[PDB]
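Okay, handing you the structure first.
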Amino acid sequence: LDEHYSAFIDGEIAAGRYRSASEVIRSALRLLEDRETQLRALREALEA
Amino acid sequence: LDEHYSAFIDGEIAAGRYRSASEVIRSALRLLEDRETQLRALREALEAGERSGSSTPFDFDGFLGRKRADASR
Amino acid sequence: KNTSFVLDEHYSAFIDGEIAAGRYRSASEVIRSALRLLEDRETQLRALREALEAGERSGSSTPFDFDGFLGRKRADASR
Amino acid sequence: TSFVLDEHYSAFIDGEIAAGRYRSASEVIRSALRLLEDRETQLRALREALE
Amino acid sequence: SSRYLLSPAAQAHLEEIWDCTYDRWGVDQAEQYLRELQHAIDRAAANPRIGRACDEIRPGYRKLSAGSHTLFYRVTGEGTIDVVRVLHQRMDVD
Amino acid sequence: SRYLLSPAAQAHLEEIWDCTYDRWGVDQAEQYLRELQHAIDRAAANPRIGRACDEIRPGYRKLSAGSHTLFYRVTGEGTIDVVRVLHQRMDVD
């Protein structure tokens, strides 16, 4: 937990986009997982 | 966090792309902040459009004709 | 396995600014993030390059008659 | 400013050079930082124009 | 093609796009590009469902890429499109 | 003025038309191809309106054409050669 990231999380909860710190992080991890999955899928498709 | 994303983080570290749980979480939060900034810019752009006034029929031929005539003088 | 590098004076200042702004902790964190961005770009660029190559290997480029093409396609649907 | 790259990121740079896309490790790294600097500055202007 | 409404912001931007295209490439290019945007507006006006809904962005909106820009529009109770913004593609998060 | 299309690009124009016809009918099909034609005509009059993209492939320029992108070279005259018309999902920016 860093001051820039705690502040961004607090600010996201205050806007009513998320209800808890865990929710923000889960949401951020979902975005990263999807991105990395799309790119691996494009990468492996090219290797084929 | 929950169990599926703990395994996702651990898989990322095992694959050598990331070196710590912190690196994955911070990268993902940066990605989310970036997306949120872009979305907020879009939504405020749409709000400014609604607030610019009631929408009106448009004569595209007259708009183009006048711009062309304006520039030819 | 494990290699060290030195940055020029502009990118060391860029990294200093990113650490000051709070979004990154260290120089390695900025560099590693940037290299993941580059690899993601390169994979998309690879897909575009292969597509252009397939377009070149398609055969010689010729003129194209939009009126005739659109006319023919409309006519065909009318059949 | 100096920094260390582990075996996985070193191998990425080497494959990038071996593919003829760049001439040296420093070129891969500068090109990576250029991409990031452009990204982070645009987003910082967006964040600026926003609030 | 059928009816459409453009917001005042959308109308002002069309003029700016014309002026900036004009200043760099001349009257013919400016007119051609605006004609290209008009084609996409006409397409959406004739079938508002060709633009993809983007409620996740704003409830009741659809978007349609066009040239270097993106139309963001609502649909009237009459079934008319209302083009609220014409935004450069750099702003389109998808 | 004049332009050339690669066999690949011509075949894709036909697929776009057919795909649009099946989903939306003949007039939607025709107008979208005309929209693409305006962008092709734009580039053919001033090939430099397209952004140079040598970092993708030497000699190429690119021009956004709504939901597609034109990738093209300039031949031995002032003439553009449209090698591919790619969906925007592939455009890197």
Side-chain angles (χ1 to χ4, degrees), chain E residues 1-4 13-14 17-54 62-73 75 79 81 83 85-94, chain F residues 1-3 12-13 15-53 61-72 74 78 80 82 84-93:
Chain E
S1 209
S2 211
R3 308 197 288 300
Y4 62 88
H13 196 196
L14 290 181
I17 294 162
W18 197 99
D19 294 340
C20 183
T21 309
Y22 174 78
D23 288 333
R24 190 170 283 285
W25 309 102
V27 55
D28 282 350
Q29 282 284 358
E31 188 164 273
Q32 260 287 107
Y33 186 65
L34 266 302
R35 278 295 177 192
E36 205 182 305
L37 296 187
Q38 182 189 15
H39 273 271
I41 290 150
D42 282 342
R43 257 192 314 133
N47 200 331
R49 275 149 202 204
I50 67 161
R52 317 317 321 171
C54 49
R62 294 172 166 268
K63 62 190 199 68
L64 176 70
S65 314
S68 284
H69 291 84
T70 313
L71 310 177
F72 287 90
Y73 62 96
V75 175
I81 70 172
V83 178
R85 297 294 305 260
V86 179
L87 293 184
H88 192 278
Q89 63 187 356
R90 79 171 74 85
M91 288 196 76
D92 188 4
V93 47
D94 41 76
Chain F
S1 321
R2 232 309 111 195
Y3 51 86
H12 192 195
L13 294 189
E15 183 178 2
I16 299 171
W17 199 103
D18 296 339
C19 168
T20 309
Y21 177 88
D22 294 355
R23 168 76 227 220
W24 304 112
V26 73
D27 294 318
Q28 286 291 343
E30 188 171 23
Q31 186 173 355
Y32 188 65
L33 262 302
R34 290 284 189 207
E35 201 178 321
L36 287 185
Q37 179 186 13
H38 274 237
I40 291 167
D41 279 338
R42 261 168 67 217
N46 295 93
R48 316 217 312 166
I49 59 163
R51 166 199 295 220
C53 53
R61 294 190 179 256
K62 37 171 310 204
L63 180 74
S64 275
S67 98
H68 291 85
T69 307
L70 318 168
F71 290 85
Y72 65 91
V74 180
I80 73 174
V82 176
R84 298 295 302 268
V85 176
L86 302 177
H87 196 264
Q88 65 193 342
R89 65 182 181 88
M90 300 182 69
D91 194 2
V92 60
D93 303 59

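Numbered from 1 within each chain, the chains take letters A, B, ... in sequence-line order.
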Practice task
Output the option from E/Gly67, E/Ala66, E/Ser1, E/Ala46 having the highest count of non-hydrogen pairs under 4.5 Å with chain F.
Solution key: E/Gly67
Exercise for the section: Give, as side chain, backbone, both or neither, the part of E/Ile50 having an atom under 4.5 angstrom from any heavy atom of chain F. Expected result: both
Handout entry: Distance-only side-chain donor-acceptor flag, F/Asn46 / E/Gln29, under 3.5 Å
Key = yes
Exercise for the section: Identify which part of E/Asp42 has an atom lying under 4.5 Å from any heavy atom of chain F, answering side chain, backbone, both or neither. Expected result: both
Handout entry: Separation between CG of E/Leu34 and NE2 of F/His38, rounded to the nearest 0.5 Å
Key = 11.5 Å
Handout entry: E/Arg24, part contacting chain F, at a heavy-atom distance under 4.5 Å
Key = neither
Practice task
Would you name the heavy atoms of E/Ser68 and F/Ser64 that are closest together and state the gap between them?
Solution key: OG-CB, 4.0 Å
Problem - Spatial distance of atom CD (E/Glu31) from atom CZ (F/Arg42) [nearest 0.5 Å] - result: 13.5 Å
Problem - Option that, when pairs with chain E are counted at under 4.5 Å, heavy atom only, ranks first among F/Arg34, F/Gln88, F/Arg89 - result: F/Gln88
